[PDB]
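Labels run A, B, C, D, E and F following the written order; every chain starts at residue 1.
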C-alpha cells in the first residue's frame, strides 16, 4: 500500500512537530534524529 | 483471472498460478496459497490495507 | 511466516504430547523450550498458571470486539487477548539497534549535557522520577 | 609494521550493512541501498555473509532476504558468483555450527533461489549424499532444501530439473549399492519418494 | 528528469521530494 | 532560558571565574622557587570581564627574578618546543570560560583562536604579550591552555588543572545545579 506509507510519513512528522511546537522552534538542525529516537533510558523520547 | 475480496481490514487479490501468464518471485506482502493434497503452491494472494 | 511456523509447531507439539502418553511421563518443559514463542496461539499459553479458569472464558474475542460500545477507550489492541494468545511481537531488539544506528552511546551523549554533570561514566546513572 | 590482530575496519563495515538492512521496508528498498554503496569486489563475498547471518537472527525465514538476493544477482555477475561461492562455503564449512532452527531458514532460503533459477541446478552437484561425506545436520539442510523445491515447482517440474541436472551426489547410478540403499532410505524419510523410481530399478539388478 | 515519477509538489508532502532510480529493478 | 537562569543564578558565572583564578595563583606561589618569580599578582578584574566574550584582559601577572626564556605558543599537551626565541621578564594568565554547543565544543580550537585574536588585537590590553590563556568549557567540563611556556610550568599547570577541574567548589556547585535541574542520580 503506497497511500498508507504517505500517511505514516505525514503522521510521524506531525508528532515530531508537536515536540517542535512545544519548544518555540520548528527548526530542523536544532532537532537531530538523536533527539526523537533515542530510548527513554538515555533521555530521549523513545519514538519508534 | 482476479478474485477480489475485502476481509477485516485486508484487501485481497487471489490470483491462481496457471492464470499468472508468467511466474515471478514476490516480496513478502504476497501469500502463497498451498493445495493440501499436492502441497504445491497453486495461487498467490496479494494483500493491501 | 507466523502461520507456516505455527502449523509445524503444533504438529510438533501434538506428537510430543503423543510421545509422553506412550512413555506415561510428564512433558519435559525444556524439550519444548525451543518453540516457546512459536505458534499462533503461542505454546507458552499451555503452561500458564491460570489456564484452568481461562478455559471457561468463551467468546472472549466477540466480547472484546463489542467493547467499543461499552467504553470510551477501547484499546489500541482489540484483536488479541494476551491471556489467550500470549505476546505476539517482540520489540526489545529494536531498542538496541537504534543506539547503534545513532552511532553508539558515546555519540548520543555528545548531543546531551551529560559531560556537564561531571559523571565519569554513563553506567551507574539510572534516572529520577 | 603494526600487526592487525583486530578487524575494526570490518566491524564498522559489518555494522553499516546491518543498519542498511534494518532501515528498509521492502526487499527492493534494501537492494537499492546496497547497490547505492558501490561495494568493492573483495567485500562482496563478505556482504553476502552479513545478509545470511542476519537472516538467521530473524528466527524465521522471510521473503525479504530472497528478493533482496534476487535483485543482487540480476544486477551484476560478480554478485552471482558471490552467492555461488557462499553456497559452497555454507554447505562445506558452516553446517557444523548451525542449529536446526537455523537450518530450516537456510534450506528454505537456498531452495527459493534454486527453484527460481537464480542459482543453477549445477550448484547442487557439490552436495553429495554418502554415509562418510554427510553431516547429520547436513542431512537436515538437504531436507529443508528439497521441500521448498517441492512446494514452489511441484513434484513433476522438480523431476524434470533433476533429470537435466545430471548430478551424482543425490543420485548414485553407476554402482555402490550401499549408497543406493542409503539414498532411497534418505529421500523417503523426507517424504519424496516418487523421484527414487530410477534407483529401485538399478538396485534389484545388482541383487 | 521528472518523467511522470514523483510528487506534484513537496510542499504538503512533508518530505523533500527526492527521487532516485531503483538500481534493483533493471531486467 | 528559564533553566539556564536557574543553573547560573546569583552571579555563578562570576563566582566560577574568581574561583579558578584564585586556585591558580594559590598554586603558583607555592612553586615560586623553580619559577624564579618576583611575585604573583591577581589583577583588579572588572565584574563584567568574566562574561565579556568581546575582549579580555590579563588575570594573573608574573614578575620574574631573571629574564625568562619562553617558547613559541603551543598547546597544553604539546611534546616539546624551542625555548630560545623570546627573552621576557613578565608573563600573564587569562582564564576564559565558555559554554559549548554540539557544533563548537573543541576547547583546543577555541583557545588557540582566542589567543591568536586577542594578542593581535590592540584593544585587549595584555602586559608583555607572553603568557598562556586557560580556557574551560563549562558545558562539557573540558579545559585547555595555549600560550608561551618557559620551563616547568607545562607539567605543573596540567597537574594543577587536573586537580582544579576535580577540586573546585564553584565548578562543583555548577555541577550540582545541573544535576538538580536534570534530576539524575548515580547508583552503586
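The criterion applied here is as follows: contacts are C-beta pairs under 8 Å (C-beta built on N, C-alpha and C of every residue); 3 or more make two chains touch, one makes a residue touch a chain.
Visitor: So which has more C-beta pairs touching, D-E or A-C?
Guide: Looking at contacts between chains, A-C has the larger number.
Visitor: Measuring centre to centre with C-alpha atoms, which chain is farthest from chain F?
Guide: Of all the other chains, the one whose centre lies farthest from chain F is B.
Visitor: Using mean C-alpha positions as chain centres, tell me how far chain A is from chain D in Å, no decimals.
Guide: The separation of the two C-alpha centroids amounts to 41 Å.
Visitor: Distance from the CA centroid of chain B to that of chain F, rounded to the nearest Å?
Guide: So the centroids are 73 Å from each other.
Visitor: Centroid of chain A to centroid of chain B, CA atoms only: how many Å?
Guide: 37
Visitor: Give, as an integer number of Å, the spacing between the C-alpha centres of chain F and chain C.
Guide: 56
Visitor: Specify, in ascending order, the residues of chain D that touch 2 or more different other chains.
Guide: Residues 28, 62 of chain D each touch two or more of the other chains.
Visitor: Return the residues of chain F touching two or more other chains; collapse runs of consecutive numbers into ranges.
Guide: none
Visitor: Give the pairs of chains that touch; include all such pairs.
Guide: Every touching chain pair, ordered by label, is A-B, A-C, A-E, B-D, C-D, C-F, D-E.
Visitor: Along chain A, where are the residues that touch chain C in the complex?
Guide: For this pair, the touching residues of chain A are 32-35, 37-39, 41-44, 48.
Visitor: Give the list of chain D residues in touch with chain E in this complex.
Guide: So the residues of chain D touching chain E come out as 28, 31-32, 35-36, 71, 74-75.
Visitor: In the complex formed with chain F, which residues of chain C make contact?
Guide: 110-111, 113, 115-119, 124-129
Visitor: Which residues of chain D touch chain B once you look at their complex with the stated criterion?
Guide: 26-28, 62-64, 66-67, 70, 112, 116, 150-152, 154-155
Visitor: Which positions of chain E touch chain D when the two form their complex?
Guide: Residue positions touching the partner: 20, 22-27.
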